[PDB]
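Please read the structure below before turning to the comments.
Neighbour counts run over all protein chains shown; Cβ positions are idealised from the backbone, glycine included. Each answer follows from the model by the rule given with it, or from the source it names; no laboratory read-out is quoted.
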Amino acid sequence: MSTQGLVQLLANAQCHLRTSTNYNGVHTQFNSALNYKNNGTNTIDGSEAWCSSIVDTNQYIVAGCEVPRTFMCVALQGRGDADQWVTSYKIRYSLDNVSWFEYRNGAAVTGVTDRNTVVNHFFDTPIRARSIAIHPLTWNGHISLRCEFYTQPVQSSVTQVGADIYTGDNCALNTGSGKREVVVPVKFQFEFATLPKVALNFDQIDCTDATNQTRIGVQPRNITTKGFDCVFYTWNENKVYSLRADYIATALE
Amino acid sequence: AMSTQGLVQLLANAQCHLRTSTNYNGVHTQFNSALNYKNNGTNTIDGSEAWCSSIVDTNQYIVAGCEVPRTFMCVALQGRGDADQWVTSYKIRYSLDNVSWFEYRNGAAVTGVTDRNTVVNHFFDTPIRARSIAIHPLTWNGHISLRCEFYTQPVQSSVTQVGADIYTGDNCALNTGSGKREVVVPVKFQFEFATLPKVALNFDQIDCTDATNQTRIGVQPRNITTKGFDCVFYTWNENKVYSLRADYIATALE
Amino acid sequence: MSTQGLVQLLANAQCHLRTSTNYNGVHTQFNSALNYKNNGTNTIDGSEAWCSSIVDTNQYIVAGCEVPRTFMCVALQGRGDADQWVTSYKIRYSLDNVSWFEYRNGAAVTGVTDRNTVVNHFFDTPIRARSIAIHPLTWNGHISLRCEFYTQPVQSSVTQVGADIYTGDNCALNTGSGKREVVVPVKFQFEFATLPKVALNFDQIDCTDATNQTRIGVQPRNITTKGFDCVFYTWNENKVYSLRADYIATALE
Ligand SMILES: CC(=O)N[C@@H]1[C@@H](O)[C@@H](O)[C@@H](CO)O[C@H]1O
Ligand SMILES: CC(=O)N[C@@H]1[C@@H](O)[C@@H](O)[C@@H](CO)O[C@H]1O
Ligand SMILES: CC(=O)N[C@@H]1[C@@H](O)[C@@H](O)[C@@H](CO)O[C@H]1O
Ligand SMILES: [Ca+2]
Ligand SMILES: [Ca+2]
Ligand SMILES: [Ca+2]
Ligand code: NI
């Protein structure tokens with residue numbers, strides 16, 4: 001329940017994993033997910049953990065996401081099939097993948113004390129990053145671990161801007177009375193994957209007041225993934241020579 | 001090949017992370033999972049022409065994870081290149097938000113393959129919008145061994161910058177004179193776009209005098225580059241414009 | 001330094017890596033990062049390089065990113081622990097991951113001449129792409145390499161469009177004198193990860209002039225990750241019957 005609603009990054013295959021060294025080809029980051037278990041009857045499939053080949057304070061596993069995330073928690077766990085585990089570690093991270101930073105200026109975070117009991121560390125403040133790395137500092141037996149990172153869910157948007165949708169000069173809004181429209185079909189440069197929402201706002205106004213009142217409007221109608229109808233309008237006795245608008249359409253997920 | 005023309009081949013294009021339940025050993029891993037992967041047939045040490053599991057039961061899987069949502073059209077399954085092992089039926093599971101997972105067809109079996117090399121495409125009953133997708137073998141011949149591909153619609157990526165409150169100043173130069181008149185306010189984006197953006201630039205504050213009952217006001221970008229643009233406020237005819245304010249939305253694609 | 005300020009993709013775990021073949025499970029792309037070094041006293045952790053299984057002109061390593069990048073440079077390096085290196089190679093790439101292209105129309109790019117001296121190749125023109133591949137053409141000893149790709153920093157945005165925030169008909173701005181506001185609170189469909197910037201622009205105007213002057217405005221106040229206050233206003237003697245606006249809110253990184 002503590003990590004309820006959060007994204008399990010490794011379990012969802014949301015990150016690339018790079019390690020400093022691997023003991024051999026069956027002790028790699030392929031075997032790093034929290035609660036990873038393998039065939040206990042066969043030795044050939046290796047460790048229930050990522051295990052390094054060099055045992056020093058310079059090893060690490062780094063998880064990289066191309067989409068920034070808010071990291072709430074890192075969970076550590078020992079090796080499932082042997083008495084090896086990381087007792088403390090530091091966390092480093094980068095948001096822009098140019099400059100790196102250290103959590104708590106590099107101070108240790110409390111790890112685990114056995115093979116299987118997970119220890120969650122909720123960061124003192126949530127970390128905004130693309131890439132994050134566990135750097136083992138002290139260990140029992142060997143530098144061997146399983147892990148997970150828990151992030152807020154991400155949302156993804158795609159936006160298209162289109163400029164200068166125009167009624168034309170001396171348009172139909174410039175004669176008659178009551179509610180009047182000039183409809184201009186608009187087609188997006190590319191079709192959205194899901195239905196967009198559309199903002200559509202004025203950039204050029206050429207209109208005549210009526211008993212001192214300005215009455216002008218622009219609104220999308222019949223929004224699809226492919227485009228929409230830009231509806232310019234006026235009402236009452238107003239005469240409107242022209243209206244121009246820019247649009248911003250955004251689809252989510 | 002024709003049936004998936006124009007679709008993105010995820011594994012071929014290295015567009016997903018692959019995680020497996022188990023790997024037989026270090027030369028039977030997801031590194032060997034791509035459709036039509038072939039290796040050195042004269043040397044045994046490079047392993048299988050397939051991902052092969054370690055535990056042989058109904059709880060195995062390969063998960064493909066994408067950080068950017070995709071419309072999955074099809075999954076292609078193929079047997080192992082170098083030995084008589086293949087998956088004969090499987091289920092598909094997926095997640096869009098990476099919090100809740102769902103089973104395609106409520107977990108009903110999907111038809112797999114019947115030999116080493118003949119690909120069997122499954123186009124999903126309805127295309128699936130997802131970030132992560134998993135193949136869960138249900139029945140097999142010999143061992144749990146496969147090569148696979150996922151086909152998605154091409155994705156488009158945009159990057160957007162909003163800037164607020166580009167302003168003429170009070171009692172600006174548009175508030176005197178006749179004919180077409182402009183006040184130009186250079187705008188620099190917070191960061192340089194990778195490619196040329198398109199720019200929406202629209203009013204949020206208007207302070208103007210009509211001219212024989214006509215309002216005449218405009219704002220338009222000029223000289224748009226990846227670094228910024230010129231915000232041109234204007235009026236025309238005999239109109240006097242005290243001030244105009246605008247916000248901008250600039251978006252670059254791909 | 002020639003690559004200062006650029007993102008090191010492999011170092012930052014920003015790409016998936018697929019290879020044509022791997023010599024065995026300790027000669028894989030897990031060992032491919034520039035300057036990768038392993039345990040030199042133990043043979044079991046394999047090569048300081050990705051090494052192919054098949055030695056021909058058809059091998060490759062592909063780096064894939066879901067987020068388009070601007071590729072500035074590819075760095076090649078030999079194998080750290082043996083006299084094997086790639087002397088020339090070609091580059092191929094794809095932006096849409098459907099159509100692929102060859103750099104220099106397939107012509108050779110100069111590789112390396114020893115184990116450890118890095119040779120940077122800055123592309124004739126930067127390449128905009130999602131996926132990129134090194135294809136060895138000639139080699140010493142075996143097809144064995146370490147590498148890096150250097151890209152411009154990327155920025156990520158998330159955008160929400162909200163339509164039709166409205167004062168109501170015959171709103172409070174339609175009476176009185178002096179600066180007057182009507183405040184409409186707005187909650188975004190979802191909470192942004194970081195503080196957004198907000199564009200808020202007119203789509204319907206219904207107002208009276210005052211001694212021929214139009215005076216109208218709309219502005220966000222108290223923007224948070226969760227929403228903002230939409231402030232519609234007028235001033236002086238103007239009477240405004242109604243105003244309507246659409247918003248566009250974007251958060252970076
Ligand atoms: C139905 C109609 O035209 N209603 C208008 C209203 O929009 C507003 O302009 C008001 C100003 O006092 O005048 C009304 O006549
Ligand atoms: C060149 C010029 O000023 N053209 C204006 C036109 O924009 C519009 O306002 C029209 C209204 O009847 O009047 C014209 O004088
Ligand atoms: C404090 C105030 O109302 N200032 C207004 C100014 O905004 C502008 O409209 C100008 C038009 O000449 O008139 C001034 O009275
Ligand atoms: Ca415009
Ligand atoms: Ca504004
Ligand atoms: Ca609207
Ligand atoms: Ni990966």
Check on B:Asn223, at positive phi and touching a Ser or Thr at 6+ places or on another chain (Cβ under 6 Å): no
Residue within region B:126-146 that is more than 16 Å from ligand 4 (Cβ to nearest atom), in contact (Cβ under 8 Å) with a residue 40 or more places away in the chain and under 30 Å from C:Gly217 (Cβ atoms) present: no
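For residues that are small (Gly, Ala, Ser) and within 15 Å of ligand 4 (Cβ to nearest atom), tally how many sit in region A:180-216. Spell out how you get there, then give the answer.
Keep residues of region A:180-216 that are small (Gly, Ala, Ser), which gives A:193, A:199, A:210.
Still in the list and also within 15 Å of ligand 4 (Cβ to nearest atom): A:199.
The total comes to 1.
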B:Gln30 surrounded by fewer than 24 Cβ atoms within 10 Å (Cβ to Cβ) and assigned by CATH to the domain that holds B:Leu146: yes
Qualifying positions in region C:233-248 - away from chain A (no Cβ under 11 Å) and either free of Cβ contacts under 8 Å to residues at least 60 places away in the same chain or within 29 Å of the chain's Cα centre (by Cα) (or both): C:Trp235, C:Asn236
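When only residues in region C:1-41 that are β-branched (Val, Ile, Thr) and free of Cβ contacts under 8 Å to residues at least 24 places away in the same chain count, which is nearest to ligand 1 (Cβ to nearest atom)?
Just the residues of region C:1-41 that are β-branched (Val, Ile, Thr), to begin with: C:3, C:7, C:19, C:21, C:26, C:28, C:41.
Pick out the ones that are also free of Cβ contacts under 8 Å to residues at least 24 places away in the same chain and you get C:26, C:28, C:41.
Numbers: C:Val26: 77, C:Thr28: 71, C:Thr41: 85 Å.
The extreme case among them is C:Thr28.
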Candidate set from region C:23-52 (those that are in contact with a helix residue (DSSP H, G or I) (Cβ under 8 Å, 6 or more places away or on another chain) and facing chain A (nearest Cβ under 9 Å)); member that is nearest to B:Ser33 (Cα to Cα): C:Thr28
Given (1) in contact with a strand residue (DSSP E or B) (Cβ under 6 Å, 6 or more places away or on another chain); (2) surrounded by fewer than 22 Cβ atoms within 10 Å (Cβ to Cβ), number of the condition A:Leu10 does not satisfy: (2)
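Answer with yes or no whether A:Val74 is more than 22 Å from C:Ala33 (Cα to Cα) and touching a strand residue (DSSP E or B) at 6+ places or on another chain (Cβ under 9 Å).
On the way: more than 22 Å from C:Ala33 (Cα to Cα): yes; touching a strand residue (DSSP E or B) at 6+ places or on another chain (Cβ under 9 Å): yes.
Against the criterion (more than 22 Å from C:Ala33 (Cα to Cα) and touching a strand residue (DSSP E or B) at 6+ places or on another chain (Cβ under 9 Å)), A:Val74 qualifies.
Within region C:32-56, how many residues turn out to be outside any strand (DSSP E or B) and in contact with a strand residue (DSSP E or B) (Cβ under 6 Å, 6 or more places away or on another chain)?
Residues of region C:32-56 that are outside any strand (DSSP E or B), as a first pass: C:32, C:34-49, C:52-56.
If we keep only those that are in contact with a strand residue (DSSP E or B) (Cβ under 6 Å, 6 or more places away or on another chain) too, we end up with C:32, C:34, C:36, C:49.
Here the count works out to 4.
Does A:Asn212 qualify as being surrounded by fewer than 21 Cβ atoms within 10 Å (Cβ to Cβ) and within 16 Å of ligand 3 (Cβ to nearest atom)? Show your work before the answer.
Values: surrounded by fewer than 21 Cβ atoms within 10 Å (Cβ to Cβ): yes; within 16 Å of ligand 3 (Cβ to nearest atom): yes.
Yes; evaluated as a whole, the condition is true for this residue.
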Qualifying residue in region A:127-135 (condition: among the basic types (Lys, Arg), touching a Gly at 6+ places or on another chain (Cβ under 9 Å) and away from chain C (no Cβ under 14 Å)): no
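Results for (1) polar (S, T, N, Q); (2) closer than 30 Å to C:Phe232 by Cβ; (3) within 14 Å of chain A (Cβ to nearest Cβ); (4) under 26 Å from the mean Cα position of the chain (by Cα), shown as yes or no for each residue.
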| residue | (1), (2), (3), (4) |
| --- | --- |
| C:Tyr93 | no, no, no, yes |
| C:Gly106 | no, no, no, no |
| C:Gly111 | no, no, no, no |
| C:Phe149 | no, no, yes, yes |
| C:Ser157 | yes, yes, yes, yes |
| C:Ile165 | no, yes, yes, no |
Odd one out for A:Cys230, checked against (1) away from ligand 1 (no atom under 16 Å from the Cβ); (2) more than 18 Å from C:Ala245 (Cα to Cα); (3) more than 8 Å from chain C (Cβ to nearest Cβ): (2)
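Conditions (1) within 30 Å of C:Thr151 (Cα to Cα); (2) assigned to a loop (DSSP other than H, G, I, E, B); (3) in the same structural domain as A:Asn22 (by CATH), marked per residue:
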position	(1), (2), (3)
A:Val62	yes, no, yes
A:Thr70	yes, no, yes
A:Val86	no, no, yes
A:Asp96	yes, yes, yes
A:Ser99	yes, yes, yes
A:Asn120	no, no, yes
A:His135	yes, no, yes
A:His142	no, yes, yes
A:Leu145	no, no, yes
Residue that is farthest from C:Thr250 (Cα to Cα) [pool: residues in region B:186-220 that are within 11 Å of chain A (Cβ to nearest Cβ), within 34 Å of the chain's Cα centre (by Cα) and within 16 Å of ligand 5 (Cβ to nearest atom)]: B:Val219
Long-range neighbours under 9 Å by Cβ, at least six apart or interchain, first residue more than 22 Å from B:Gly65 (Cα to Cα) within region B:95-122, second loosely packed, with under 13 Cβ neighbours inside 10 Å: B:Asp115/B:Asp84; B:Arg116/B:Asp84
Scope region B:215-228; condition touching a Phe, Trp or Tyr at 6+ places or on another chain (Cβ under 8 Å) and either surrounded by 17 or more Cβ atoms within 10 Å (Cβ to Cβ) or touching a residue at least 60 places away in the same chain (Cβ under 8 Å) (or both); matching residues: B:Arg216, B:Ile217, B:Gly218, B:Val219, B:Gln220, B:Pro221, B:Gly228
